[PDB]
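# Close look at the chain arrangement
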Amino acid sequence: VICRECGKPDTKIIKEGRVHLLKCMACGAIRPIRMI
Ligand SMILES: [Zn+2]
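Residues numbered from 1 in each chain as written, not as in the entry; some residues may be left out. Heavy atoms only, no water.

This deposited entry lists solution NMR as its structure determination method.

Here it is, written out as structure tokens:
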């Protein structure tokens, strides 16, 4: 769903303070997210 044209890559997530960032490796994609 998130990455359909990525196949079998890797997923890493980092959060600081009150902000969430998602990074995907293989396609080099970054997405900004925040719930709090
Ligand atoms: Zn990807």
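Having put the structure on the table, let's press on.
## Looking at the coordination of the zinc ion
Within the protein, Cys3 (SG), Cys6 (SG), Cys24 (SG) and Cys27 (SG) serve as the donor atoms for the zinc ion, at 2.3 Å. Viewed at the metal, the four donor atoms of the zinc ion are separated by angles of 107 to 111 degrees, and the geometry they form is tetrahedral. Sequence spacing of the donors to the zinc ion: C-x2-C-x17-C-x2-C. Residue classification places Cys24 among the buried residues on the basis of a relative accessible area of 13%. Overall, the relative accessible area of 38% leaves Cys27 in the partly exposed class. (Donors = N, O, S within 2.8 Å, 3.2 Å for Na, K, Ca; no water. Tetrahedral: all angles 85-135°; square planar, octahedral: opposite > 155°, others 65-115°. Buried < 20%, exposed > 50% of the residue type's maximum accessible area, 1.4 Å probe, protein only.)

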